[PDB]
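Given as structure tokens, the chain that follows is alone and in the form deposited without ligand NAD.
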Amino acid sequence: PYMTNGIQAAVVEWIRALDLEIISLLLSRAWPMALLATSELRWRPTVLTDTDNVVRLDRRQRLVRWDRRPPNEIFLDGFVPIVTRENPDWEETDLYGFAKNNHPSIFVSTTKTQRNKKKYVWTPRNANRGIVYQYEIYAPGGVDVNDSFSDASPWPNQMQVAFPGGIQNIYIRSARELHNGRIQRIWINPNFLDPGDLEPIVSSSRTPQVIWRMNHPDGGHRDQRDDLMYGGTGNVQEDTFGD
């Protein structure tokens, strides 16, 4: 037995309103028997042991999401999942299938900052191709994928924390804007709900810090039409990519 903030960060209203037991069922109902025998749906607790073995509140664990979408969308809307409709398929709510294959779902994935001697982070192989944003997230709740599946976790190096129903814009602190793997701007979200005691945003004299506002003239750059968070096509690197 433990305390969790569960789906507090969710933007999708029908998910945000349902009882935690129902959302837990949606996430686990499709798991095979062999998986169920050794797995438990482990929501991140309100107080957790972080990747440097320091005990922190869930809201002080530095999460990262790599995303093609720019601040004019993401700081406005937060992270809205691909599937928002009220009666999704079982494939679209399954945490195991989502963790494995990254198919369209109710989940917004993030990856934990791996705080060693230096900062490391799971980084997608295509982080150096086209326009890429690294969003910095400090959110309540969510599901710890590795804790849930242990040996059966599909991509353990991603250290995924999954948010059914998405992540509100108030939990996104900043964004690094990369063009073909070269950092252009560090974006500051003015509506970030600061929990206090966080490390100050990692900066450089060469790269401008920009306070975002709605429809910022430089805030809508994107590739022309979830690739960057597929656990299969990335690996752990020092958390200075773009510098």
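One rule holds for the numbers: they count along the sequence shown, beginning at 1. Here the rigid core means the biggest group of C-alpha atoms that line up within 1.5 Å when the two forms are laid on top of each other.
When the other structures are laid on the shown form by the rigid core, the stretch among 120 to 128 and 163 to 171 with the greater C-alpha deviation in 4 other deposited structures of this protein turns out to be 120 to 128. Using the rigid core as the fitting frame, the root mean square C-alpha deviation in 4 other deposited structures of this protein is greater for 198 to 206 than for the other of 182 to 190 and 198 to 206. The modelled chain breaks between residue 225 and residue 226, where 4 to 9 residues of the deposited sequence lack coordinates.
Mean C-alpha B-factor is higher over 195 to 203 than over the other stretch, the pair under comparison being 49 to 57 and 195 to 203. Taking the PDB entry as given, 79 to 87 carries the higher mean Cα B factor of the two stretches 79 to 87 and 155 to 163.
Across the options 36, 27, 64, 175, the residue with the most elevated CA B-factor in the record is 36. For residue 149, the recorded CA B-factor ranks within the middle third of the chain. Only modelled residues enter the ranking. When the CA B factors of the chain's modelled residues are split into thirds, the value for residue 229 lands in the lowest one.
Sort the modelled residues of the chain by CA B factor and residue 190 lands in the middle third. Among the modelled residues of its chain, residue 125 has a C-alpha B-factor that falls in the highest third, as given in the PDB entry. For residue 181, the recorded CA temperature factor ranks within the middle third of the chain's modelled residues.
The form deposited with ligand NAD bound is left out here; the points below concern that form.
Placing ligand NAD onto this chain by superimposing the site C-alphas, using its pose in the deposited bound form, gives at least 3 ligand atoms within 2.4 angstroms of backbone or C-beta atoms, which makes the site blocked. Contact with ligand NAD in the deposited bound form, defined as a heavy atom within 4.5 Å, is made by none of 43, 61 and 164. Site annotation in the deposited bound form: the residue of 171, 149, 122, 75 reaching within 4.5 Å of ligand NAD with a heavy atom is 122.
Screening 153, 93, 114, 102 for any heavy atom within 4.5 Å of ligand NAD in the deposited bound form leaves a single hit, 102.
Among heavy atoms of residue 69, some come within 4.5 Å of ligand NAD in the deposited bound form. At the 4.5 Å threshold, heavy atoms of residue 127 stay clear of ligand NAD in the deposited bound form, well away from it. Under a 4.5 angstroms non-hydrogen atom cutoff, ligand NAD in the deposited bound form lacks residue 141 among its neighbouring residues. Residue contact with ligand NAD in the deposited bound form: residue 65 places a heavy atom within 4.5 Å of it.
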